[PDB]
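*Asks:* Residue numbers (our numbering), protein chains in the order written: chain U, 1 to 83; chain F, 101 to 183; chain D, 201 to 242.
What follows is a structure written as structure tokens; I'll ask about it next.
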Amino acid sequence: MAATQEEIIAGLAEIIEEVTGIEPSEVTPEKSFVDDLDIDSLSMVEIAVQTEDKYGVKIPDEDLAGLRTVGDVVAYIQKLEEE
Amino acid sequence: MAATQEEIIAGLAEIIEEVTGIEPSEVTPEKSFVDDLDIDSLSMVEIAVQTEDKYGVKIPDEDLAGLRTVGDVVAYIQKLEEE
Amino acid sequence: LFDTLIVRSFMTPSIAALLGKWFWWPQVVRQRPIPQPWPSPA
Numbered sequence: 001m002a003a004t005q006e007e008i009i010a011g012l013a014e015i016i017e018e019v020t021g022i023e024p025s026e027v028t029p030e031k032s033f034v035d036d037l038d039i040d041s042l043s044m045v046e047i048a049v050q051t052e053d054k055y056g057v058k059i060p061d062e063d064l065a066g067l068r069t070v071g072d073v074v075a076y077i078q079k080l081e082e083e
Numbered sequence: 101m102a103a104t105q106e107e108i109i110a111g112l113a114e115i116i117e118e119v120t121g122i123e124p125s126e127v128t129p130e131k132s133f134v135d136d137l138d139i140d141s142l143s144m145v146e147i148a149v150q151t152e153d154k155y156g157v158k159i160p161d162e163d164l165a166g167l168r169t170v171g172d173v174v175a176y177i178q179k180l181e182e183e
Numbered sequence: 201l202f203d204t205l206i207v208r209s210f211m212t213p214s215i216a217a218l219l220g221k222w223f224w225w226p227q228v229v230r231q232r233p234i235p236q237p238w239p240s241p242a
């Protein structure tokens, strides 16, 4: 129940690659989806859809807007895993 | 939160009795629903329906197909109880 | 124009998304696979 931060980023970066094309070398826990990675709000929706399909992590719409950095998504997934 | 394996089998066997007619003396944790007990996939559906109605244990359709033995159902119910 | 830009573009996949596993009803399909564990780094 303790999927590590590196493991979550590794699984998230290979979805970000397929959605956008950004290499997992660029997906670091301090990058902003809008500013640094340039991932619009409609690509985040499919990142979340594929995350739920692959790892079972469900992220609703109201909470998906408040995840600005990759670290925010990792923290959300870890806090959801903690239960 | 620790309903014992004997207690779960006792509660499950008196539903298996009403659904099929197999005595609870035959419902042992190593018997196969298809092979040993001869319980088709449509009787398992009502076993699950009555289990949810009586003890609140909800077992979805995708997970009901992967429960081959009685021990698998007991383990599923215990792991669901652990949360 | 109407067909390819409205019906086949939004209405047919929307019906496929509403009816998740019932779009293929006689076949038993999963809404999603069994969840995988988060992969080891790299």
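Even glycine gets a Cβ: it sits at the ideal position worked out from N, Cα and C.
Do you know how far the Cα of F/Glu106 is from the Cα of U/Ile77?
*Replies:* Rounded to the nearest angstrom, the two C-alpha atoms are 37 Å apart.
*Asks:* Kindly indicate which three-state DSSP category U/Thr69 falls into: helix, strand or coil?
*Replies:* In the structure shown, U/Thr69 sits in a strand (DSSP, three-state: E or B).
*Asks:* Could you work out which residues of chain U lie near D/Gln227, taking near to mean beta carbons separated by less than 8 Å?
*Replies:* By Cβ distance, chain U contributes nothing, its closest Cβ being about 19 Å from D/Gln227, past 8 Å.
*Asks:* Mind checking the stretch 132–159 of chain F against chain D and listing, in chain order, the residues whose C-beta falls within less than 8 Å of any C-beta there?
*Replies:* Cβ contacts with chain D: none found.
*Asks:* Excluding the five sequence neighbours on either side, which residues of its own chain have a C-beta within less than 6 Å of the C-beta of D/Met211, listed in chain order?
*Replies:* Correct list: empty, nothing qualifies.
*Asks:* Quick one: what does DSSP say D/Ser240 is sitting in, helix, strand or coil?
*Replies:* DSSP places D/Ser240 in coil when its eight states are reduced to three.
*Asks:* Out of U/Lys79, U/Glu17, U/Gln50 and U/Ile39, which one is the CA nearest neighbour of U/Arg68?
*Replies:* Ranking U/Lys79, U/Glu17, U/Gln50 and U/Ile39 by Cα distance to U/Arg68 puts U/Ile39 first.
*Asks:* Spell out a yes or no on whether the stretch 48–55 of chain U and the stretch 225–236 of chain D are touching, meaning 3 or more CB-CB pairs, one atom from each, closer than 8 Å.
*Replies:* Taking 8 Å as the limit for Cβ pairs, the verdict is that the stretch 225–236 of chain D does touch the stretch 48–55 of chain U.
*Asks:* Listed in chain order, which residues of the stretch 5–24 of chain U have Cβ atoms closer than 9 Å to some Cβ of chain D?
*Replies:* From the stretch 5–24 of chain U, only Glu6, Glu7, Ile8, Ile9, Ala10, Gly11, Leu12, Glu14 and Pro24 have a Cβ closer than 9 Å to chain D.
*Asks:* Around the C-beta of U/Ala48, are 16 or more other C-beta atoms found within 10 angstroms, so that it is buried, or is it exposed?
*Replies:* Buried, because 16 or more other Cβ atoms sit within 10 Å of the Cβ of U/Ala48.
*Asks:* Could you tell me whether any Cβ in chain U is nearer than 9 Å to the Cβ of D/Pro213?
*Replies:* Not one chain U Cβ lies under 9 Å of D/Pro213.
*Asks:* Thinking U/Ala10 and D/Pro241 are a contact (beta carbons under 8 Å), I'd like their distance in whole angstroms, please.
*Replies:* So it is a contact: roughly 5 Å between Cβ atoms.
*Asks:* Return the residue from the list F/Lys158, F/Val174, F/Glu181 and F/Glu182 that minimises the CA-CA distance to F/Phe133.
*Replies:* Checked all of F/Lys158, F/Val174, F/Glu181 and F/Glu182; the closest Cα to F/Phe133 is F/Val174.
*Asks:* Pick helix, strand or coil for F/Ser125, following the three-state DSSP scheme.
*Replies:* Of the three classes helix, strand and coil, the one that applies to F/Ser125 here is coil, per DSSP.
*Asks:* DSSP has U/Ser41 in a bridge; who is on the other side?
*Replies:* DSSP output for U/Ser41 lists no bridge partner at all.
*Asks:* Just list the alpha helix (DSSP H) runs in the stretch 203–230 of chain D, keeping only unbroken ones of 4 residues or longer that don't cross its boundaries, in chain order.
*Replies:* Qualifying alpha helix (DSSP H) stretches, in chain order: 212–218.
*Asks:* Which residues in chain D sit within 9 Å of U/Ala75, going by Cβ to Cβ distance?
*Replies:* Those do not exist, as U/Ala75 stays about 14 Å from chain D at its closest Cβ, beyond 9 Å.
*Asks:* Run the CB neighbour count on F/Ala102, radius 10 Å, all protein chains shown included, and call it buried at 16 or more, exposed below.
*Replies:* It counts as exposed.
*Asks:* Can you pull the chain D neighbours of F/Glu182, defined as C-beta to C-beta under 7 Å?
*Replies:* The contacting residues do not exist; F/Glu182 stays about 17 Å from chain D at best.
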